[PDB]
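J.: so I've got this experimental structure, pasted below with the sequence.
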Amino acid sequence: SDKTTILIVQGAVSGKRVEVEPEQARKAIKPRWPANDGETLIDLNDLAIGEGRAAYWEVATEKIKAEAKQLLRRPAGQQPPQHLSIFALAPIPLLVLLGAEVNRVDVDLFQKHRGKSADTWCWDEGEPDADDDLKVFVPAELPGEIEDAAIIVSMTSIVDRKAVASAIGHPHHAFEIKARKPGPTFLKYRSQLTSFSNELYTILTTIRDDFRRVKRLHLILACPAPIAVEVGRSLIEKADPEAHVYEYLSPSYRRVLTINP
């Protein structure tokens, strides 16, 4: 029941305004309570209007970096926030960036539950069923001199390996974390987020220890917002090479930003 700082992140590249209802996030953090009775907001709607997609990614990347730095700065006469409760609905690559930018502070991540119409941002009570766990596929071939490794998350849908190969444009190893039943309501319990984090850590450790020629990571994520944040949080600047982050722009994947270039 300690104090926490609520961070709301909301936006979209274009189209309908995306907003997080702060009353629902406040309900989700109970029994904890919001520092200053409020939230910090990073809004990523209506950036670079009419200027094209690349201008959006530029403006939004700089805004995420500047706002994360501001969020972690000491206010006058106070300490910096010690715990973030993050409620995010935003483009996947920007949430990877966000997770990397707040990786030095303790965080609680949350999922907007579609289908759970009350306590929408609250994690579900209960236990996961068999359709709710993960499968992890790793390369059949030895690392060798391959310089490129893809980390694929097939949670909201199945990622097509051929589209990944076309987007990466290099011979590569692939590691895949796949929902047993992919879909938009797969992620419901906090234990699933913990499971995902642990499986990703094992993959990153394997690449760091055994795939030492790998000079580029390629993150292809079909996953809910907190999973994208957790992917970003799991990167370690000096242990991992640059991580290229892709968006799904029908019918293909496109590289949109790089963590630790």
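T.: It's in. Numbers count the residues shown, from 1 in each chain.
J.: where do the helices sit along the stretch 51-200 of the chain?
T.: Taking DSSP state H, counting those that start in this stretch as the test, the helices found in the stretch 51-200 of the chain are 53-72, 92-101, 161-168, 190-210.
J.: which non-adjacent residue is nearest the one residue sitting closest to the centre of the chain?
T.: Nearest to the geometric centre of the chain sits residue 228, at 1.4 Å (CA atoms, centre = their mean). Once flanking residues are discounted, residue 228 sits nearest to residue 95: 3.9 Å by CB to CB, 6 or more residues apart in numbering. Yep, even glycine has a C-beta here, placed from its N, CA and C like the rest.
J.: show me the contacts for the one you found.
T.: Residue 95 is in contact with 9, 88, 225, 228-229, 232, counting by CB atoms under 8 Å, 6 or more residues apart in numbering.
J.: and with 7 Å instead?
T.: Residue 95 makes contact with 88, 225, 228-229, 232, according to CB atoms under 7 Å, 6 or more residues apart in numbering.
J.: mind putting those into a markdown table with distance to residue 214 and secondary structure?
T.: As requested, the contacts of residue 95 are arranged in a markdown table below (distance: CB to CB, whole Å; DSSP: H, G, I helix; E, B strand; the rest coil):
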| residue | distance to residue 214 | secondary structure |
| --- | --- | --- |
| 88 | 29 | strand |
| 225 | 27 | helix |
| 228 | 21 | helix |
| 229 | 23 | helix |
| 232 | 18 | helix |
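J.: follow-up on the earlier one: any idea how far the residue nearest to residue 228 lies from residue 88?
T.: Remark: distance between residue 95 and residue 88 (CB to CB, to the nearest Å) = 6 Å.
J.: okay, now residue 6: neighbour count?
T.: Using other CB atoms under 10 Å, residue 6 has 27 other residues around it.
J.: ok, residue 247 touching residue 93?
T.: Yes - assessed by CB atoms under 7 Å, residue 247 is found in contact with residue 93 at 5.5 Å.
J.: what is in contact with the two at once?
T.: residue 256.
J.: more neighbours: which of those two?
T.: Higher neighbour count among residue 247 and residue 93: residue 93, with 26 against 20, using other CB under 10 Å.
J.: what separation is there between that one and residue 153?
T.: The value you get for residue 93 to residue 153, if CB to CB is used, is 13 Å.
J.: got it, and residue 9?
T.: Distance from residue 9 to residue 153, by CB to CB: 19 Å.
J.: more neighbours: the two, which one.
T.: residue 153 (27 against 24).
J.: now do the longest strand along the chain: which elements does it pack against?
T.: The longest strand of the chain (DSSP state E) is strand 33-44. Applying 3 or more CB pairs under 7 Å, 6 or more residues apart in numbering; DSSP states H and E, one finds that strand 33-44 contacts strand 3-11, helix 22-29, helix 53-72.
J.: re the thing from before, list the residues that contact both of residue 95 and residue 88?
T.: In contact with both residue 95 and residue 88: 225, 229, using CB under 7 Å, 6+ apart.
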